[PDB]
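Novice:
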Ligand SMILES: [Zn+2]
Ligand SMILES: [Zn+2]
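Residue numbers (the authors' numbering): 31 to 126.
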């Protein structure tokens, strides 16, 4: 499960930087090999990027109740429509 085969280093095509499963996501690193006839096989040419090389953005809503940035996950849909969104926690704190 990592006796010595965990020293594999995948070259990044983005920053031409070579790193191990450390700087490589498990999902991306897994693409280094595929399953054939029920046998593990190394991909001929696996194209992957670094964790930082890949994009990462998420929508959020500014709250004036606590003056803290929060995602839309912890924010009700209606709270997003209003002109003054309030965290699902702030609303239960201000008794609205
Ligand atoms: Zn990279
Ligand atoms: Zn708030």
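All C-beta atoms in this analysis are idealised placements derived from N, C-alpha and C, irrespective of residue type, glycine included.
Taking residue 51 as part of the alpha helix (DSSP H), name the residues at either end of that continuous run.
Specialist: Stepping through the chain shown from its first residue, residue 51 is reached at position 21. Element bounds for residue 51: n/a, residue is neither H nor E.
Novice: Contact check, residue 65 vs residue 72 under 8 angstroms by CB: the rounded distance?
Specialist: Looking up residue 65 in the chain shown gives position 35. Looking up residue 72 in the chain shown gives position 42. About 11 angstroms; that fails the 8 angstroms criterion.
Novice: Measuring alpha carbon to alpha carbon, tell me which residue in 117, 95, 41 is nearest residue 102.
Specialist: The residue you call residue 102 lines up with position 72 of the chain shown. Comparing Cα-Cα distances from residue 102 to each of 117, 95, 41, the minimum goes to 117.
Novice: Can you give me the Cβ contacts of residue 95 inside the same chain, cut-off strictly under 7 angstroms, excluding the 5 residues immediately before and after it?
Specialist: One-based indexing of the chain shown puts residue 95 at position 65. 116, 117, 120, 124.
Novice: Is the beta carbon of residue 125 within less than 7 angstroms of some heavy atom of ligand 2?
Specialist: Here residue 125 refers to the residue found at position 95 when the chain shown is read from its first residue. The answer is no for residue 125.
Novice: What residue range does the alpha helix (DSSP H) around residue 107 cover?
Specialist: Locating residue 107 in the chain shown gives position 77, where the first residue counts as 1. First-last of the alpha helix (DSSP H) with residue 107: 107–111.
Novice: How about residue 43 and residue 86: are their beta carbons less than 8 angstroms apart?
Specialist: Mapped onto the chain shown, residue 43 falls at position 13. Mapped onto the chain shown, residue 86 falls at position 56. No.
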